[PDB]
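Visitor: To be precise about what I am sending: the file is called run_33.cif and holds mmCIF, N, CA and C atoms and all ligand atoms.
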```cif
data_coords
#
loop_
_atom_site.label_atom_id
_atom_site.label_comp_id
_atom_site.auth_asym_id
_atom_site.auth_seq_id
_atom_site.Cartn_x
_atom_site.Cartn_y
_atom_site.Cartn_z
N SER A 42 122.40 84.53 129.10
CA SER A 42 122.49 85.80 129.79
C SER A 42 122.66 87.07 128.90
N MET A 43 123.09 86.96 127.62
CA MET A 43 123.19 88.10 126.70
C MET A 43 121.82 88.50 126.16
N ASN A 44 121.73 89.86 125.58
CA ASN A 44 120.41 90.21 125.00
C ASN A 44 120.31 89.72 123.56
N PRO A 45 119.15 89.27 123.15
CA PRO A 45 118.92 88.96 121.73
C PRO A 45 118.71 90.24 120.95
N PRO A 46 118.78 90.17 119.62
CA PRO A 46 118.30 91.29 118.82
C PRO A 46 116.84 91.56 119.16
N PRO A 47 116.39 92.81 119.03
CA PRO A 47 114.99 93.13 119.32
C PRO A 47 114.05 92.59 118.26
N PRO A 48 112.75 92.59 118.52
CA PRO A 48 111.80 92.24 117.47
C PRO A 48 111.90 93.20 116.31
N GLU A 49 111.54 92.69 115.14
CA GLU A 49 111.51 93.48 113.91
C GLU A 49 110.54 94.65 114.03
N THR A 50 110.94 95.84 113.59
CA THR A 50 110.02 96.97 113.48
C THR A 50 109.98 97.57 112.08
N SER A 51 110.79 97.06 111.17
CA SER A 51 110.90 97.53 109.80
C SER A 51 111.09 96.32 108.92
N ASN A 52 110.35 96.26 107.82
CA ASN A 52 110.48 95.21 106.82
C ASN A 52 109.83 95.70 105.54
N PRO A 53 110.62 96.25 104.62
CA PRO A 53 110.02 96.90 103.46
C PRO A 53 109.23 95.99 102.59
N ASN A 54 109.48 94.69 102.60
CA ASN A 54 108.70 93.78 101.76
C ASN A 54 107.45 93.26 102.47
N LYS A 55 107.20 93.61 103.71
CA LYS A 55 105.96 93.22 104.38
C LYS A 55 104.87 94.19 103.93
N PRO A 56 103.74 93.71 103.39
CA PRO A 56 102.68 94.65 102.97
C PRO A 56 102.04 95.32 104.19
N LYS A 57 101.66 96.59 104.02
CA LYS A 57 101.27 97.46 105.12
C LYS A 57 99.93 98.10 104.83
N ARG A 58 99.22 98.47 105.91
CA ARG A 58 98.05 99.34 105.78
C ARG A 58 98.01 100.31 106.95
N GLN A 59 97.22 101.36 106.77
CA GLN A 59 96.84 102.20 107.93
C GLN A 59 95.31 102.24 108.16
N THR A 60 94.74 101.15 108.69
CA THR A 60 93.29 101.08 108.82
C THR A 60 92.81 102.01 109.99
N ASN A 61 91.50 102.33 110.01
CA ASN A 61 90.98 103.14 111.12
C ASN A 61 91.16 102.41 112.44
N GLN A 62 91.14 101.09 112.41
CA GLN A 62 91.38 100.36 113.66
C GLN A 62 92.81 100.51 114.11
N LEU A 63 93.77 100.47 113.18
CA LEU A 63 95.17 100.65 113.56
C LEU A 63 95.40 102.06 114.08
N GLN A 64 94.73 103.05 113.51
CA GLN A 64 94.86 104.41 113.99
C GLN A 64 94.36 104.51 115.43
N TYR A 65 93.25 103.82 115.74
CA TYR A 65 92.74 103.73 117.11
C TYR A 65 93.73 103.06 118.05
N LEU A 66 94.38 101.99 117.58
CA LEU A 66 95.36 101.33 118.40
C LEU A 66 96.50 102.25 118.75
N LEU A 67 96.87 103.18 117.89
CA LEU A 67 97.91 104.13 118.21
C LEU A 67 97.38 105.27 119.06
N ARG A 68 96.35 105.93 118.61
CA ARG A 68 95.89 107.18 119.20
C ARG A 68 95.19 106.98 120.54
N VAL A 69 94.56 105.84 120.72
CA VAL A 69 93.81 105.53 121.95
C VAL A 69 94.55 104.48 122.76
N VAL A 70 94.82 103.32 122.19
CA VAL A 70 95.28 102.20 123.03
C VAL A 70 96.71 102.42 123.48
N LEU A 71 97.63 102.58 122.54
CA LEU A 71 99.04 102.74 122.92
C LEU A 71 99.24 104.03 123.70
N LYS A 72 98.59 105.11 123.31
CA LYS A 72 98.83 106.35 124.05
C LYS A 72 98.34 106.24 125.49
N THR A 73 97.22 105.54 125.72
CA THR A 73 96.68 105.41 127.07
C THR A 73 97.63 104.59 127.92
N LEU A 74 98.14 103.48 127.39
CA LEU A 74 99.01 102.66 128.21
C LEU A 74 100.36 103.31 128.40
N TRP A 75 100.87 104.01 127.39
CA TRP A 75 102.21 104.58 127.43
C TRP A 75 102.33 105.62 128.52
N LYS A 76 101.29 106.40 128.76
CA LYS A 76 101.34 107.48 129.72
C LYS A 76 101.08 107.02 131.15
N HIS A 77 100.67 105.79 131.33
CA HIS A 77 100.32 105.27 132.64
C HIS A 77 101.54 105.21 133.56
N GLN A 78 101.31 105.38 134.86
CA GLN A 78 102.42 105.38 135.82
C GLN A 78 103.13 104.05 135.88
N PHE A 79 102.53 102.96 135.42
CA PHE A 79 103.19 101.67 135.41
C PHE A 79 103.78 101.27 134.07
N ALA A 80 103.80 102.20 133.11
CA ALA A 80 104.27 101.83 131.77
C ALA A 80 105.76 101.57 131.70
N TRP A 81 106.56 102.26 132.52
CA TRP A 81 108.01 102.31 132.27
C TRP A 81 108.70 100.97 132.09
N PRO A 82 108.39 99.88 132.81
CA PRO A 82 109.12 98.62 132.54
C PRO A 82 108.80 98.02 131.18
N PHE A 83 107.73 98.50 130.54
CA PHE A 83 107.22 97.97 129.28
C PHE A 83 107.51 98.88 128.11
N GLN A 84 108.21 99.98 128.30
CA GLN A 84 108.43 100.94 127.22
C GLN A 84 109.61 100.60 126.32
N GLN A 85 110.27 99.47 126.52
CA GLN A 85 111.42 99.05 125.71
C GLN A 85 111.62 97.58 125.96
N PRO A 86 112.38 96.89 125.12
CA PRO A 86 112.68 95.47 125.38
C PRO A 86 113.30 95.29 126.76
N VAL A 87 113.02 94.13 127.35
CA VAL A 87 113.70 93.79 128.60
C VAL A 87 115.20 93.68 128.35
N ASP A 88 115.99 94.40 129.13
CA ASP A 88 117.44 94.34 129.09
C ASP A 88 117.90 93.37 130.16
N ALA A 89 118.05 92.13 129.73
CA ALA A 89 118.36 91.05 130.67
C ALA A 89 119.72 91.23 131.29
N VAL A 90 120.61 91.94 130.61
CA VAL A 90 121.93 92.19 131.18
C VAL A 90 121.85 93.20 132.32
N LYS A 91 121.34 94.40 132.03
CA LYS A 91 121.23 95.43 133.07
C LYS A 91 120.35 94.97 134.24
N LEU A 92 119.26 94.25 133.96
CA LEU A 92 118.34 93.84 135.01
C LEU A 92 118.75 92.53 135.64
N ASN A 93 119.87 91.94 135.26
CA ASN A 93 120.33 90.69 135.83
C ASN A 93 119.26 89.61 135.80
N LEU A 94 118.76 89.33 134.61
CA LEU A 94 117.76 88.30 134.37
C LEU A 94 118.34 87.33 133.36
N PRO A 95 119.37 86.57 133.74
CA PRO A 95 120.05 85.78 132.73
C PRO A 95 119.19 84.69 132.12
N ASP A 96 118.11 84.29 132.77
CA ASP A 96 117.20 83.27 132.26
C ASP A 96 116.02 83.86 131.49
N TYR A 97 115.91 85.19 131.36
CA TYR A 97 114.69 85.76 130.77
C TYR A 97 114.47 85.23 129.34
N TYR A 98 115.50 85.29 128.50
CA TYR A 98 115.36 84.91 127.11
C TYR A 98 115.54 83.42 126.91
N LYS A 99 115.90 82.66 127.96
CA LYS A 99 115.75 81.22 127.94
C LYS A 99 114.27 80.84 127.99
N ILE A 100 113.48 81.58 128.74
CA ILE A 100 112.07 81.28 128.98
C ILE A 100 111.17 82.01 128.00
N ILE A 101 111.47 83.25 127.68
CA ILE A 101 110.63 84.07 126.81
C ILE A 101 111.23 84.04 125.40
N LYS A 102 110.59 83.31 124.52
CA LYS A 102 111.03 83.13 123.13
C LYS A 102 110.27 84.01 122.15
N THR A 103 109.29 84.78 122.60
CA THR A 103 108.53 85.69 121.75
C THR A 103 108.46 87.03 122.46
N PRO A 104 109.58 87.71 122.62
CA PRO A 104 109.58 88.96 123.39
C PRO A 104 108.76 90.04 122.72
N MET A 105 108.14 90.89 123.53
CA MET A 105 107.39 92.01 122.96
C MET A 105 107.27 93.06 124.04
N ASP A 106 107.21 94.30 123.66
CA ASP A 106 107.20 95.45 124.55
C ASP A 106 106.54 96.60 123.83
N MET A 107 106.09 97.59 124.60
CA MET A 107 105.47 98.76 124.02
C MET A 107 106.35 99.64 123.19
N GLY A 108 107.65 99.67 123.45
CA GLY A 108 108.54 100.41 122.58
C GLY A 108 108.51 99.87 121.16
N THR A 109 108.57 98.56 121.05
CA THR A 109 108.43 97.88 119.77
C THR A 109 107.07 98.15 119.14
N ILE A 110 105.99 98.01 119.90
CA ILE A 110 104.66 98.25 119.36
C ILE A 110 104.53 99.69 118.90
N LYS A 111 105.03 100.64 119.67
CA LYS A 111 105.00 102.05 119.29
C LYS A 111 105.71 102.26 117.96
N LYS A 112 106.89 101.69 117.82
CA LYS A 112 107.62 101.79 116.55
C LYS A 112 106.84 101.15 115.40
N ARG A 113 106.27 99.97 115.63
CA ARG A 113 105.47 99.31 114.61
C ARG A 113 104.29 100.17 114.20
N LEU A 114 103.59 100.77 115.16
CA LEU A 114 102.44 101.61 114.80
C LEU A 114 102.90 102.86 114.07
N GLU A 115 103.93 103.53 114.55
CA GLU A 115 104.33 104.80 113.98
C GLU A 115 104.95 104.61 112.61
N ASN A 116 105.53 103.45 112.35
CA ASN A 116 106.15 103.13 111.09
C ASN A 116 105.26 102.26 110.23
N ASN A 117 103.95 102.20 110.52
CA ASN A 117 102.95 101.45 109.74
C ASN A 117 103.44 100.06 109.35
N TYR A 118 103.85 99.28 110.34
CA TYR A 118 104.37 97.94 110.13
C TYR A 118 103.26 96.92 109.89
N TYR A 119 102.08 97.16 110.44
CA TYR A 119 101.03 96.15 110.45
C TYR A 119 100.14 96.21 109.20
N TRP A 120 99.54 95.06 108.89
CA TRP A 120 98.43 94.94 107.94
C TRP A 120 97.10 95.13 108.65
N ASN A 121 96.92 94.60 109.87
CA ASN A 121 95.61 94.64 110.49
C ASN A 121 95.72 94.83 112.00
N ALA A 122 94.59 95.15 112.61
CA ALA A 122 94.56 95.41 114.04
C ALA A 122 94.85 94.16 114.84
N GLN A 123 94.42 92.99 114.39
CA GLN A 123 94.69 91.75 115.11
C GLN A 123 96.16 91.50 115.33
N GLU A 124 97.01 91.85 114.38
CA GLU A 124 98.45 91.67 114.55
C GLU A 124 98.96 92.49 115.71
N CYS A 125 98.45 93.70 115.86
CA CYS A 125 98.92 94.58 116.92
C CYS A 125 98.32 94.18 118.26
N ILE A 126 97.04 93.82 118.30
CA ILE A 126 96.42 93.27 119.50
C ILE A 126 97.17 92.05 119.96
N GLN A 127 97.64 91.21 119.04
CA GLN A 127 98.41 90.05 119.45
C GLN A 127 99.72 90.46 120.09
N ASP A 128 100.37 91.51 119.60
CA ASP A 128 101.59 92.00 120.24
C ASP A 128 101.35 92.42 121.68
N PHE A 129 100.31 93.20 121.95
CA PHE A 129 99.99 93.56 123.34
C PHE A 129 99.76 92.31 124.15
N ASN A 130 98.99 91.36 123.67
CA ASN A 130 98.72 90.17 124.45
C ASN A 130 99.98 89.36 124.70
N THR A 131 100.89 89.30 123.72
CA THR A 131 102.17 88.63 123.92
C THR A 131 102.93 89.31 125.05
N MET A 132 103.00 90.63 125.03
CA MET A 132 103.68 91.35 126.09
C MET A 132 103.14 90.97 127.46
N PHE A 133 101.82 91.01 127.64
CA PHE A 133 101.24 90.69 128.95
C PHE A 133 101.53 89.24 129.32
N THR A 134 101.29 88.33 128.42
CA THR A 134 101.50 86.92 128.68
C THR A 134 102.94 86.62 129.06
N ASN A 135 103.90 87.23 128.37
CA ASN A 135 105.30 87.00 128.74
C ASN A 135 105.54 87.37 130.18
N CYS A 136 104.95 88.48 130.61
CA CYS A 136 105.17 88.90 131.99
C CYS A 136 104.61 87.88 132.96
N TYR A 137 103.44 87.36 132.68
CA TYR A 137 102.84 86.37 133.57
C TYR A 137 103.57 85.03 133.53
N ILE A 138 104.16 84.67 132.38
CA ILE A 138 104.93 83.43 132.25
C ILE A 138 106.20 83.54 133.06
N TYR A 139 106.93 84.65 132.92
CA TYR A 139 108.26 84.70 133.52
C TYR A 139 108.19 84.92 135.01
N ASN A 140 107.28 85.75 135.46
CA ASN A 140 107.31 86.26 136.83
C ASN A 140 106.41 85.43 137.73
N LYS A 141 106.42 85.76 139.03
CA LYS A 141 105.62 85.10 140.09
C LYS A 141 104.31 85.87 140.30
N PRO A 142 103.17 85.21 140.56
CA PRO A 142 101.95 85.97 140.88
C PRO A 142 102.17 86.93 142.03
N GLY A 143 101.56 88.10 141.92
CA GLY A 143 101.72 89.14 142.91
C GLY A 143 103.02 89.92 142.88
N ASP A 144 104.01 89.56 142.02
CA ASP A 144 105.20 90.39 141.90
C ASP A 144 104.78 91.77 141.41
N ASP A 145 105.56 92.78 141.75
CA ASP A 145 105.23 94.13 141.34
C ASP A 145 105.04 94.21 139.83
N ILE A 146 105.91 93.59 139.06
CA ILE A 146 105.80 93.72 137.61
C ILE A 146 104.48 93.12 137.14
N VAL A 147 104.01 92.06 137.76
CA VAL A 147 102.75 91.44 137.38
C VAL A 147 101.58 92.35 137.70
N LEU A 148 101.61 93.00 138.87
CA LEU A 148 100.58 93.97 139.19
C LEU A 148 100.55 95.09 138.17
N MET A 149 101.72 95.49 137.70
CA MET A 149 101.79 96.59 136.75
C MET A 149 101.21 96.14 135.41
N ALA A 150 101.58 94.94 134.97
CA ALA A 150 100.99 94.40 133.76
C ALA A 150 99.49 94.27 133.88
N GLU A 151 98.99 93.86 135.02
CA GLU A 151 97.56 93.67 135.16
C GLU A 151 96.83 95.00 135.06
N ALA A 152 97.41 96.06 135.63
CA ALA A 152 96.77 97.37 135.53
C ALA A 152 96.73 97.84 134.09
N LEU A 153 97.81 97.65 133.35
CA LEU A 153 97.84 98.06 131.95
C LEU A 153 96.88 97.21 131.14
N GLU A 154 96.83 95.91 131.42
CA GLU A 154 95.97 95.01 130.66
C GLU A 154 94.51 95.35 130.90
N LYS A 155 94.13 95.78 132.11
CA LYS A 155 92.74 96.16 132.34
C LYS A 155 92.35 97.32 131.45
N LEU A 156 93.24 98.31 131.29
CA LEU A 156 92.94 99.44 130.42
C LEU A 156 92.95 99.01 128.97
N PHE A 157 93.88 98.15 128.60
CA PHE A 157 93.90 97.61 127.25
C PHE A 157 92.57 96.97 126.90
N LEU A 158 92.07 96.12 127.79
CA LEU A 158 90.81 95.42 127.52
C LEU A 158 89.66 96.40 127.41
N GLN A 159 89.64 97.43 128.24
CA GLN A 159 88.58 98.43 128.11
C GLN A 159 88.63 99.14 126.79
N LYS A 160 89.82 99.46 126.31
CA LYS A 160 89.93 100.17 125.03
C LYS A 160 89.61 99.26 123.87
N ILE A 161 90.06 98.00 123.90
CA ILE A 161 89.81 97.13 122.75
C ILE A 161 88.35 96.74 122.71
N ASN A 162 87.66 96.77 123.84
CA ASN A 162 86.23 96.53 123.84
C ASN A 162 85.49 97.48 122.91
N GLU A 163 86.03 98.67 122.67
CA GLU A 163 85.40 99.66 121.80
C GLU A 163 86.21 99.91 120.57
N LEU A 164 86.93 98.91 120.12
CA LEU A 164 87.60 99.01 118.83
C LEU A 164 86.55 99.34 117.77
N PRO A 165 86.76 100.37 116.93
CA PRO A 165 85.71 100.77 115.99
C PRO A 165 85.58 99.75 114.88
N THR A 166 84.37 99.71 114.30
CA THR A 166 84.13 98.90 113.12
C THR A 166 85.06 99.34 112.00
N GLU A 167 85.60 98.36 111.27
CA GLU A 167 86.53 98.64 110.18
C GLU A 167 85.83 99.46 109.09
N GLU A 168 86.46 100.57 108.69
CA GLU A 168 85.92 101.55 107.72
C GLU A 168 84.43 101.81 107.87
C1 LIG A 201 108.58 93.03 131.38
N1 LIG A 201 109.56 93.04 132.48
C2 LIG A 201 110.23 94.21 132.72
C3 LIG A 201 111.16 94.32 133.75
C4 LIG A 201 111.81 95.59 133.94
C5 LIG A 201 111.60 96.30 135.15
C6 LIG A 201 112.17 97.54 135.34
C7 LIG A 201 112.98 98.10 134.33
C8 LIG A 201 113.20 97.41 133.10
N2 LIG A 201 114.02 97.98 132.14
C9 LIG A 201 114.33 99.40 132.14
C10 LIG A 201 115.12 99.63 130.84
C11 LIG A 201 115.56 98.22 130.41
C12 LIG A 201 114.73 97.31 131.20
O1 LIG A 201 114.72 96.04 131.05
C13 LIG A 201 112.59 96.15 132.94
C14 LIG A 201 111.35 93.21 134.60
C15 LIG A 201 112.27 93.25 135.67
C16 LIG A 201 112.47 92.12 136.49
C17 LIG A 201 111.73 90.95 136.25
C18 LIG A 201 110.87 90.88 135.15
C19 LIG A 201 110.65 92.00 134.33
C20 LIG A 201 109.70 91.94 133.27
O2 LIG A 201 109.03 90.90 133.02
#
```
Would you mind writing the file out in structure tokens?

Guide:
Amino acid sequence: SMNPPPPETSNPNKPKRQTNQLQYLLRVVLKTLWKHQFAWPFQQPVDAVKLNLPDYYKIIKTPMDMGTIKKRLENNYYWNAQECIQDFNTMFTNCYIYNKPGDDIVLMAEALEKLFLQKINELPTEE
């Protein structure tokens, strides 16, 4: 029932890049999802204490959220776009794993994921 530490957003010994694809993931993908009317449950780690979800971190062992992704992008945490795309996919998948089909949170994830897929469909060619 307690919260775990959040995912890492800083690691000075992890090698970093700022590729044109990563810039797109920030300027296009994250900004589009962040401003969406359904973004708010995804803008920070799930607070299992405040939300009374004592089993959330029993079931979800790879937590991820847009607040974390935003920090990772703004602090140039990633080497490549695939790492960040995997973070978005982890976020969506966690929601579908934990919750029931048709729950409000699942509908919200599905709306965000539809936009995510549209934006990643036009991920620019590297350099
Ligand atoms: C991804 N996610 C998110 C929420 C969820 C909804 C609303 C609000 C917040 N907030 C606000 C600040 C801290 C916080 O946790 C999380 C949620 C709630 C119930 C069941 C499942 C989920 C879920 O799967």

Visitor: Could you list, as JSON, numbers by chain, all the residues within 6 Å of ligand LIG 201 (chain A), counting only N, CA and C atoms and all ligand atoms?

Guide: {"A": [81, 82, 83, 85, 86, 87, 88, 89, 92, 135, 136, 140]}

Visitor: Residues at most 8 Å from residue 43 (chain A), counting all atoms listed in the file, excluding those fewer than 6 positions away in the same chain, as a ChimeraX atom specification?

Guide: /A:88-90,94-96,98

Visitor: Taking only residues of region 103-140 of chain A that have an atom at most 8 Å from an atom of region 48-60 of chain A, what is each one's shortest atom pair and its distance in Å to one decimal, using only N, CA and C atoms, in chain and number order, as JSON lines?

Guide:
```
{"residue": "A:103", "atom": "C", "partner": "A:48", "partner_atom": "CA", "distance": 7.9}
{"residue": "A:104", "atom": "C", "partner": "A:48", "partner_atom": "N", "distance": 6.3}
{"residue": "A:105", "atom": "CA", "partner": "A:48", "partner_atom": "N", "distance": 7.0}
{"residue": "A:106", "atom": "N", "partner": "A:48", "partner_atom": "N", "distance": 7.7}
{"residue": "A:109", "atom": "C", "partner": "A:50", "partner_atom": "CA", "distance": 6.5}
{"residue": "A:110", "atom": "N", "partner": "A:50", "partner_atom": "CA", "distance": 7.7}
{"residue": "A:112", "atom": "C", "partner": "A:50", "partner_atom": "CA", "distance": 5.6}
{"residue": "A:113", "atom": "CA", "partner": "A:50", "partner_atom": "CA", "distance": 5.2}
{"residue": "A:114", "atom": "N", "partner": "A:50", "partner_atom": "CA", "distance": 7.7}
{"residue": "A:116", "atom": "CA", "partner": "A:50", "partner_atom": "C", "distance": 6.8}
{"residue": "A:117", "atom": "C", "partner": "A:57", "partner_atom": "CA", "distance": 5.4}
{"residue": "A:118", "atom": "C", "partner": "A:57", "partner_atom": "CA", "distance": 5.2}
{"residue": "A:119", "atom": "C", "partner": "A:58", "partner_atom": "N", "distance": 4.1}
{"residue": "A:120", "atom": "CA", "partner": "A:58", "partner_atom": "N", "distance": 4.1}
{"residue": "A:121", "atom": "N", "partner": "A:58", "partner_atom": "N", "distance": 6.0}
{"residue": "A:122", "atom": "N", "partner": "A:60", "partner_atom": "CA", "distance": 7.2}
```

Visitor: May I ask which of the residues A:133, A:102, A:78, A:139 is the closest one to residue 155 (chain A), counting only C-alpha atoms?

Guide: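 Going through A:133, A:102, A:78, A:139 one by one, the smallest distance to residue 155 (chain A) is for A:133.
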
Visitor: For a test of reading the model, state the distance in Å between CA of residue 93 (chain A) and CA of residue 128 (chain A), rounded to one decimal.

Guide: 24.4 Å

Visitor: With distances taken over only C-alpha atoms, which residue among A:71, A:143, A:84, A:138 lies nearest residue 99 (chain A)?

Guide: A:138

Visitor: Could you go through chain A and tell me which residues DSSP, when run on the backbone, assigns to helix (DSSP H, G or I), listing them as a PyMOL selection string?

Guide: chain A and resi 61-75+81-83+97-100+107-115+122-139+145-161

Visitor: Provide the CA of residue 159 (chain A) to CA of residue 141 (chain A) distance in Å, to one decimal place.

Guide: 24.7 Å

Visitor: Rounded to one decimal place, report the CA of residue 115 (chain A)-CA of residue 145 (chain A) distance in Å.

Guide: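 These atoms are spaced 29.4 Å apart.
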
Visitor: Which of these, A:75, A:91, A:137, A:107, has the shortest distance to residue 151 (chain A) once you count only C-alpha atoms?

Guide: A:137

Visitor: Any idea what's packed within 8 Å of residue 74 (chain A), counting all atoms listed in the file, ignoring anything in its chain fewer than 6 positions away? Could you give it as a list in words?

Guide: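 Once the adjacent positions are removed, what remains is residues 80, 81, 152, 153, 154, 156 and 157 of chain A.
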
Visitor: Let me have the centre and edge lengths in Å, one decimal, of the box along x, y and z around every listed atom of region 49-52 of chain A with 6 Å of margin on each side, as JSON.

Guide:
```
{"center_x": 110.7, "center_y": 95.1, "center_z": 110.3, "size_x": 13.7, "size_y": 16.9, "size_z": 21.6}
```

Visitor: Rank nothing, just name the residue among A:62, A:44, A:123, A:130 nearest to residue 158 (chain A), using only C-alpha atoms.

Guide: A:130

Visitor: Just the residues within 8 Å of region 161-164 of chain A, please, counting only N, CA and C atoms, with nothing from its chain fewer than 6 positions along; format it as a PyMOL selection string.

Guide: chain A and resi 61-62+65-66+69-70+155
